[PDB]
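Protein chains in written order, with the deposited numbering: chain A, 3 to 346; chain B, 3 to 346; chain C, 3 to 346; chain D, 3 to 346. We put the CB at the ideal spot given by N, CA and C, even for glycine. What follows is a single structure, written as structure tokens, with notes after it.
4 protein chains.
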Amino acid sequence: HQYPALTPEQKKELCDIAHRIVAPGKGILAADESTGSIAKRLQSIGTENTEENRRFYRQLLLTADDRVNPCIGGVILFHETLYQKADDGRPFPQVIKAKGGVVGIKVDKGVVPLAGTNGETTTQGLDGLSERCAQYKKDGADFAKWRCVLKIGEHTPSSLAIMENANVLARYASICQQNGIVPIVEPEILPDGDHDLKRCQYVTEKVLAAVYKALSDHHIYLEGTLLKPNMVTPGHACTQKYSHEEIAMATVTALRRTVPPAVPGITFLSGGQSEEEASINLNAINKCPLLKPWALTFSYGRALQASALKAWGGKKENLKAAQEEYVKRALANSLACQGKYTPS
Amino acid sequence: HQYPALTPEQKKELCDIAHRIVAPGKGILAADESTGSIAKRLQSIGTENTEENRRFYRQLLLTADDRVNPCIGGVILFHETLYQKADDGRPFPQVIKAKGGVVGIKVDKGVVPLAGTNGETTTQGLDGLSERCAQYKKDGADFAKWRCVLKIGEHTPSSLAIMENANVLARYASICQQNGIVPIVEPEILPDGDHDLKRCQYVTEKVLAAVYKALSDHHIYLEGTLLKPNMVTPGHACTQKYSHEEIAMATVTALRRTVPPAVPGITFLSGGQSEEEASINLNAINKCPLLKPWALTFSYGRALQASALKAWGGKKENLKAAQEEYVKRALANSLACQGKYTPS
Amino acid sequence: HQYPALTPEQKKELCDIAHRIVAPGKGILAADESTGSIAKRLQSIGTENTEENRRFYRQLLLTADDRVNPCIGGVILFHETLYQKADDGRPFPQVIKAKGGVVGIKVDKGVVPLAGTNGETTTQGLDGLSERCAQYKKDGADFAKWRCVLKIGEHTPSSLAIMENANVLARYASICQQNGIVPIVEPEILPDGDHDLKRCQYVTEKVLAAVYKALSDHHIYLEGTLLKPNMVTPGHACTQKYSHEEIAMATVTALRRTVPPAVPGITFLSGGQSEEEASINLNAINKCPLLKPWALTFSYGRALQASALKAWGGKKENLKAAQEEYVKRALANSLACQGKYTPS
Amino acid sequence: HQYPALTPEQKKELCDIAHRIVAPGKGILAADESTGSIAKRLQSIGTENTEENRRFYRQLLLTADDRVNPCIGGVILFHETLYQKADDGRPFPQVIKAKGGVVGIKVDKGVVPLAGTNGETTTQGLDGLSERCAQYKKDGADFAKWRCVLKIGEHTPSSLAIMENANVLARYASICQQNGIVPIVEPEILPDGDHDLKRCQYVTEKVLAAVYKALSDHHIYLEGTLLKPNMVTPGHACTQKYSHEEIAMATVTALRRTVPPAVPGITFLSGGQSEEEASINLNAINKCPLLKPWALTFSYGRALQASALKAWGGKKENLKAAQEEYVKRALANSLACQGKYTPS
């Protein structure tokens with residue numbers, strides 16, 4: 003480093019956090035559903051949108067039993083959710099730390115259109131981000147989430163969208179690492195479209211290559227980062243059927259062609275997939291015959307808890323049973339990231 | 003345009019605004035002194051920093067006589083200053099429009115360090131900028147100012163700083179043009195250092211080339227933009243003495259090597275220069291024997307009003323006389339941007 | 003310049019050559035038809051392809067009367083054609099210098115496919131180019147031609163092709179300027195396709211912006227260069243009919259949005275256009291109401307001499323008459339680059 | 003792949019060649035000493051420079067015993083050396099194939115200065131490279147070598163030099179893979195200078211990141227490539243002493259931060275190092291506690307054969323003994339790339 007951006011102590015801290023997140027059998031739980039998204043989910047389960055509703059939803063998910071201690075290496079919370087307290091009164095980050103995980107917080111402020119593109123958007127949130135990261139690390143958070151959205155179309159992702167999303171991801175990563183927070187670079191490719199699996203693999207390769215070029219450009223310490231990419235899955239309109247083995251082969255091939263080995267782990271996202279589909283795909287990815295020099299685990303916000311949310315149904319009396327459903331995913335996903343999961 | 007970013011009506015509006023700003027004999031007045039900067043200036047003149055102080059300072063500058071009608075093509079205001087009212091009670095943008103100018107507003111939220119660079123910084127402010135631009139155009143503002151800071155050092159400006167400042171400038175320009183506001187791209191090179199004039203010219207050429215590459219990348223309509231670059235002036239520690247003719251030659255050479263002709267005008271900045279130094283340099287630049295296909299006018303926040311601020315001295319009774327000093331610059335600067343100014 | 007690439011004497015020489023090429027009423031004659039192209043032309047006129055055939059073809063074109071002294075500011079020759087001698091025995095560059103022009107030589111060695119693109123190609127020729135440029139300047143040549151080919155398709159020009167052609171153009175320009183030769187940057191967009199005029203303008207803007215970014219990157223002295231772009235003309239399959247005024251508006255708009263004013267002149271290419279079509283389009287471009295800070299002249303290899311080639315018909319006795327046809331274009335084109343041409 | 007550059011059969015062939023080159027215990031022998039370099043070496047050993055001299059030098063090295071069958075996975079030859087024949091009369095590629103290796107050929111035509119840089123140079127050789135690669139694959143060659151030179155100075159490597167060398171490396175790689183030849187990307191950093199090990203690591207990280215960005219840009223199939231980087235070794239004038247463990251840590255750290263796992267192997271270069279120094283450094287690199295997902299072997303043109311060249315001394319009678327010295331390195335280097343080498 004000509005002008006170092008991190009002291010060796012800071013690099014040690016970021017490496018420790020990142021490796022404790024993606025330790026074998028551990029994955030990320032995503033409770034980052036903002037007001038609109040959690041309102042949509044609560045409408046789906048027939049519940050009104052209030053702060054107490056999110057509070058008992060987190061009580062359902064965050065305050066689970068001790069069986070999910072190794073499964074959940076970390077959770078990502080929302081701002082109010084990070085500041086909210088449990089029924090017992092203890093703060094939620096304290097609950098997560100007692101459970102054994104690490105607290106994370108969604109940082110991005112949403113997507114804003116790019117002028118002159120076919121619906122391509124970039125993500126904002128960089129204003130005053132250093133102060134927010136300092137405050138969130140004061141509040142027990144040790145990693146952050148920033149979601150950038152790129153879509154596969156006939157003429158998209160354009161060069162402008164790819165480089166702009168990569169640059170804002172790198173800026174967010176630098177600001178996070180300057181404040182002791184491990185960034186999660188999340189270039190997320192939408193599964194919408196008629197594109198087949200080969201097209202998705204090609205676009206994922208290009209996007210990840212530009213992402214890590216931008217990370218190298220901004221002097222990002224790669225061992226203090228995580229990756230949250232979409233699995234290489236064909237579009238909903240694609241008539242060709244691809245087995246889980248083919249999904250795993252394409253995904254691991256893209257990650258081996260792009261992601262440097264200094265990345266501690268790759269935490270995949272749901273991307274509209276079902277819980278069983280995501281579990282089987284993660285198990286196949288962890289069972290790929292290729293050489294995989296980074297941890298391949300999960301960061302799911304829908305797969306782990308769709309069954310639990312349906313079981314709760316806006317009712318308190320189902321709580322334990324609903325919590326059971328959540329465990330029924332977490333343990334299973336702990337087997338998915340270890341390549342030890344057997345469906346049915 | 004594969005996917006057009008502006009309708010022809012919007013392009014016409016931006017072209018009209020930009021050309022009315024830099025019409026012959028017209029320049030930009032910069033009243034963008036934020037709380038810290040205006041507090042420093044008021045401490046220099048021995049005045050406390052309150053909202054009423056800024057209010058009567060703008061009353062001194064904005065509510066001048068009718069002799070400055072052609073000289074001042076537009077002014078840039080601060081958020082409170084744009085929302086503030088005069089002693090008569092009329093809003094300041096109404097005063098500016100009655101005077102004949104066009105209202106502008108400083109948009110950037112300040113500079114934030116870049117990790118891993120020798121003090122290089124980027125500028126933030128993109129969060130929710132479209133809504134702010136819509137509100138400001140509802141408030142009579144038609145152009146905006148975003149100041150990016152690049153400095154000439156032994157190993158700076160780095161590639162990272164240059165491309166990051168160019169990219170954020172292009173993003174700000176696209177957001178502004180999407181809301182009917184003409185952006186002023188302001189890559190400002192600090193005069194600090196021991197570098198000579200050749201080094202400053204080289205760095206200015208590289209920075210402007212990257213700036214307009216980024217503007218082309220983000221589909222910026224160049225005719226709806228303005229440029230606010232520093233004149234090619236050597237550092238304070240540079241022992242070599244450069245005549246105003248050499249300053250003009252280097253500046254116009256850099257602008258001809260970099261700036262496309264679609265740019266309606268180039269409004270220079272003070273950059274720590276004195277009022278007479280800036281006036282003479284602008285007059286020499288407008289008298290350069292080369293072919294200059296864009297308007298070369300001024301955007302001064304110190305040169306036009308340093309004498310007026312000193313004359314005011316925190317006292318109301320000097321008002322008219324202080325206003326006279328302001329006029330003593332504006333008329334002169336109207337001669338500087340027409341190449342018709344004679345010192346002494 | 004941190005490490006200068008040209009001494010002031012070299013910059014003066016390049017500026018002098020470039021400005022003498024594009025002096026008002028002067029344009030470039032292109033005799034760069036390689037073995038395949040000149041063989042195709044001679045087959046079209048029913049003549050076999052030998053060295054003597056090219057020799058008397060150049061005798062037809064190069065050894066014209068004194069009426070074409072101001073019209074032809076320079077010619078571009080082939081390697082053998084540069085080394086060939088006239089019927090009188092004087093070398094062809096001596097003939098050109100006596101006529102009043104400046105000798106140029108085609109430098110590029112042809113196009114080679116880019117792997118992984120939809121037929122996109124880059125241009126080779128950089129190997130040992132400095133020695134060849136030194137030899138050619140020893141042989142009276144003062145400028146050079148390098149043709150890069152980009153095509154407008156559904157998904158082309160790709161980012162790879164655009165940046166690669168721009169980079170090889172900049173490398174060729176740097177090598178030429180290091181040896182006293184004024185490069186002609188020729189990013190040529192094929193008119194093939196169903197794309198309309200707006201698409202061609204957009205692609206031309208992007209290509210020219212990347213070209214001049216690459217020229218700035220390689221420290222090219224812009225005043226020692228020329229530009230040979232295609233006019234913004236719709237595809238052959240485009241059903242919409244665009245007037246010459248619209249062609250001129252789109253072309254000058256692209257050039258004003260992209261080309262810096264330091265470029266001494268822009269010498270357009272035929273691009274499959276007819277002689278009268280090219281003459282009328284150049285006349286309209288020179289009559290555009292916009293501000294055009296660079297010379298807008300011609301570099302034609304087909305328009306100036308198609309009539310002369312047809313008149314010759316592989317026969318010596320038509321020589322003078324065929325030469326007359328050539329003059330019938332050159333004078334007319336001298337009126338086209340001055341905006342003084344009247345059809346019929 | 004939107005427009006595939008290689009059929010699956012071609013990818014299989016390139017993967018097979020690349021993995022057979024860097025199979026465990028195998029490395030590259032470099033006999034690429036051009037006329038000037040081999041003349042300098044022969045002057046050092048007191049021998050005149052003729053074709054027969056190179057012929058018996060290759061007879062010394064290429065026609066060794068059967069003990070070097072697993073050690074030497076491949077050799078890189080010169081054009082004449084590839085076309086030369088042994089004393090028995092069998093062609094040298096046949097000798098290499100019988101020994102068990104794979105034939106390679108140096109492709110680059112040398113370094114040419116970059117205008118406007120502090121001595122930075124780029125490499126030429128792309129002209130007609132596809133035909134040469136086709137001919138060389140017809141002559142038994144299956145991989146190629148292209149050496150690009152970047153140097154660490156006070157202000158170098160510049161951005162221009164880094165991106166230009168990366169782009170020409172990617173172009174060479176694409177041309178090679180289009181003709182069944184596995185390219186060796188060789189961005190070689192000169193050890194000249196007073197820079198310490200941290201500076202060399204930083205520059206190596208940036209150069210490798212740009213190199214693989216350019217490889218991704220040109221659609222290079224990474225599994226059909228090899229890498230030939232310099233070990234992260236401080237300058238000759240650097241007063242600080244770095245242990246072999248520190249060299250290994252810095253080198254593997256740079257490779258893990260930059261090189262994707264799809265690269266079959268990384269074959270280091272001598273870089274002016276001694277034979278024992280290179281062997282110990284390679285052994286330490288193969289013994290690094292980090293996760294190394296690519297083969298880490300050698301590509302030495304001086305370390306393997308300096309002792310053999312000194313033992314030969316321009317005399318035939320020492321042949322066997324000199325060959326013994328060559329074996330004394332090869333076996334040792336087979337232990338260096340397996341992490342099984344013990345000095346003394």
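Legend entry - Where residue 1 (chain D) falls: helix, strand or coil (DSSP): One cannot answer for residue 1 (chain D) here, as it falls past the ends of chain D, which runs 3 to 346.
Inset, instruction - Determine which residues of the stretch 212 to 235 of chain B have a Cβ less than 7 angstroms from any Cβ of chain A, and write them out in chain order. - result: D219, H220, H221
Legend entry - Partner residues on chain A for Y5 (chain B), Cβ-Cβ distance less than 7 angstroms: On the second sequence, position 3 is the one that residue 5 (chain B) refers to. The answer, in chain order, is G118, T119, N120.
Legend entry - Segments of 3+ residues assigned as beta strand (DSSP E) that fall wholly inside the stretch 152 to 216 of chain D: 184 to 192
Inset, instruction - Would you list, in sequence order, the uninterrupted alpha helix (DSSP H) runs of no fewer than 4 residues that lie entirely inside the stretch 15 to 100 of chain C? - result: 37 to 46, 53 to 64, 81 to 85
Legend entry - Whole-angstrom distance between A33 (chain A) and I191 (chain C), CA atom to CA atom: For the purposes of this step, residue 191 (chain C) is taken as residue 189 along the third sequence, with counting starting at 1. For the purposes of this step, residue 33 (chain A) is taken as residue 31 along the first sequence, with counting starting at 1. C-alpha separation (whole angstroms): 51 angstroms.
Legend entry - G127 (chain B) at chain A interface by Cβ criterion, 8 angstroms: Taking the second sequence and counting its residues from 1, the one referred to as residue 127 (chain B) is at position 125. Chain A contact via Cβ: present.
Inset, instruction - Using a Cβ cut-off of 7 angstroms, pull out every chain D residue sitting near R259 (chain A), in sequence order please. - result: Against the first sequence, residue 259 (chain A) aligns to sequence position 257. Within chain D, the residues near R259 (chain A) are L224, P262, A264.
Inset, instruction - Assign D219 (chain D) to buried or exposed, taking buried as 16 or more other Cβ atoms, counted over all protein chains shown, within 10 Å of its Cβ. - result: By one-based count along the fourth sequence, residue 219 (chain D) stands at place 217. Classification of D219 (chain D): buried, given that the 10 Å Cβ count is 16 or more.
Legend entry - Three-state secondary structure (DSSP) of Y244 (chain A): Along the first sequence, read from residue 1 onward, the residue named residue 244 (chain A) stands at position 242. Residue state, collapsed to three classes: coil.
Inset, instruction - Measuring only between beta-carbons, confirm whether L293 (chain A) sits less than 8 angstroms from chain D. - result: As a first step, residue 293 (chain A) must be located in the first sequence, where it is residue number 291. Yes - at least one Cβ of chain D is within 8 angstroms of the one on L293 (chain A).
Legend entry - Close beta carbons around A168 (chain D), own chain, < 6 angstroms, minus the five adjacent residues each side: Here the question's residue 168 (chain D) lines up with position 166 in the fourth sequence. Once the five neighbours on either side are set aside, the close Cβ partners of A168 (chain D) are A212, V213, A216.
Legend entry - Where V109 (chain A) falls: helix, strand or coil (DSSP): In the first sequence, counting from the first residue as 1, residue 109 (chain A) sits at position 107. Note: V109 (chain A) maps to coil in three-state DSSP.
Inset, instruction - Return the Cβ separation of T260 (chain C) and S301 (chain C) in integer angstroms, given the expectation that the two are a contact with Cβ distance under 8 angstroms. - result: In the third sequence, residue 260 (chain C) corresponds to position 258, counting from 1. In the third sequence, residue 301 (chain C) corresponds to position 299, counting from 1. Wrong, their Cβ atoms sit about 18 angstroms apart, outside the cutoff.
Inset, instruction - Pull up the distance between the alpha-carbon of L84 (chain B) and that of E50 (chain B), whole angstroms please. - result: Here the question's residue 84 (chain B) lines up with position 82 in the second sequence. Here the question's residue 50 (chain B) lines up with position 48 in the second sequence. About 21 angstroms.
Inset, instruction - Decide if the stretch 185 to 203 of chain A is in contact with the stretch 84 to 97 of chain B; the criterion is three or more beta carbon pairs, one per stretch, under 8 angstroms apart. - result: no
Inset, instruction - Evaluate contact between the stretch 222 to 233 of chain C and the stretch 17 to 34 of chain C, counting only Cβ atoms and requiring at least three cross-stretch pairs below 8 angstroms. - result: yes
Inset, instruction - Assess, as a yes-or-no matter, whether the stretch 163 to 178 of chain D is touched by the stretch 131 to 147 of chain D under the definition of 3 or more beta carbon pairs within less than 8 angstroms. - result: yes
Legend entry - Exposure label - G91 (chain C); buried when at least 16 CB within 10 Å: Indexing the third sequence from 1 puts residue 91 (chain C) at position 89. Exposed.
Legend entry - chain A residues whose Cβ lies nearer than 9 angstroms to that of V114 (chain B): Within the second sequence, residue 114 (chain B) is the residue found at index 112, counting from 1. What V114 (chain B) touches in chain A: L128, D129, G130, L131, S132, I177.
Legend entry - Alpha-carbon spacing of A117 (chain C) relative to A172 (chain D), whole angstroms: What you label residue 117 (chain C) is simply residue 115 of the third sequence in a count that begins at 1. What you label residue 172 (chain D) is simply residue 170 of the fourth sequence in a count that begins at 1. Cα-Cα distance, rounded: 11 angstroms.
Inset, instruction - Output the distance between the C-alpha atoms of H238 (chain B) and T9 (chain B), rounded to the nearest integer angstrom. - result: Locating residue 238 (chain B) in the second sequence gives position 236, counting from the first residue. Locating residue 9 (chain B) in the second sequence gives position 7, counting from the first residue. Answer to the nearest angstrom: the Cα atoms are 46 angstroms apart.
Legend entry - Per-residue DSSP class, three states only, for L224 (chain A): Taking the first residue of the first sequence as position 1, residue 224 (chain A) is located at position 222. Reduced to three states, the DSSP call for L224 (chain A) is helix.
Legend entry - Endpoints, the alpha helix (DSSP H) within which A136 (chain D) is located: Here the question's residue 136 (chain D) lines up with position 134 in the fourth sequence. Taken as a continuous stretch (DSSP letters only), the alpha helix (DSSP H) holding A136 (chain D) covers 131 to 140.
Legend entry - Interface flag, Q340 (chain C) vs chain D, CB-CB below 8 angstroms: Position 338 of the third sequence, counted from the first residue, corresponds to residue 340 (chain C). No, its Cβ sits nowhere closer than 8 angstroms to a Cβ of chain D.
Inset, instruction - Taking the CB atoms as reference points, tell me whether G27 (chain A) and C339 (chain A) lie closer together than 8 angstroms. - result: Within the first sequence, numbered from 1, the residue matching residue 27 (chain A) stands at position 25. Within the first sequence, numbered from 1, the residue matching residue 339 (chain A) stands at position 337. Yes, Cβ-Cβ distance for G27 (chain A) and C339 (chain A) is below 8 angstroms.
Inset, instruction - Consider the Cβ of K14 (chain D): report whether some Cβ of chain A lies at a distance smaller than 8 angstroms. - result: By one-based count along the fourth sequence, residue 14 (chain D) stands at place 12. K14 (chain D) does not count as touching chain A.
Inset, instruction - Classify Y328 (chain B) as helix, strand or coil using the three-state DSSP reduction. - result: As a first step, residue 328 (chain B) is located in the second sequence; it is residue number 326 there, counting from the start. Correct three-state label for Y328 (chain B): helix.
Legend entry - Per-residue burial, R60 (chain C) [other beta carbons within 10 Å of its own, 16 or more giving buried]: As a working mapping, residue 60 (chain C) is identified with position 58 in the third sequence. The residue in question, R60 (chain C), is buried, as its Cβ has 16 or more Cβ neighbours within 10 Å.
Inset, instruction - Starting from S301 (chain B), trace the beta strand (DSSP E) both ways and give me its first and last residue. - result: Stepping through the second sequence from its first residue, residue 301 (chain B) is reached at position 299. 297 to 302 is the span of the beta strand (DSSP E), which, as asked, contains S301 (chain B).
Legend entry - Pairwise C-alpha distance: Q325 (chain C) and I183 (chain C): In the third sequence, residue 183 (chain C) corresponds to position 181, counting from 1. In the third sequence, residue 325 (chain C) corresponds to position 323, counting from 1. Computed Cα separation, rounded: 30 angstroms.
Inset, instruction - Using a threshold of 8 angstroms, state whether the C-beta atoms of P72 (chain D) and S336 (chain D) are closer than that. - result: Looking up residue 72 (chain D) in the fourth sequence gives position 70. Looking up residue 336 (chain D) in the fourth sequence gives position 334. Going by C-beta atoms, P72 (chain D) is nearer than 8 angstroms to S336 (chain D).
Legend entry - Chain-ordered neighbours of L162 (chain A) on chain B, where CB pairs are closer than 9 angstroms: Within the first sequence, numbered from 1, the residue matching residue 162 (chain A) stands at position 160. Result: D219, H220, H221.
Legend entry - Rounded straight-line distance, which links the Cα of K13 (chain D) to that of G316 (chain C): Here residue 316 (chain C) refers to the residue found at position 314 when the third sequence is read from its first residue. Here residue 13 (chain D) refers to the residue found at position 11 when the fourth sequence is read from its first residue. Straight-line Cα distance between these residues: approximately 52 angstroms.
Inset, instruction - Figure out for me which residue from D:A264, D:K153, D:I186, D:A297 has the closest Cα to the Cα of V234 (chain D). - result: Indexing the fourth sequence from 1 puts residue 234 (chain D) at position 232. Closest option to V234 (chain D), Cα to Cα, is D:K153.
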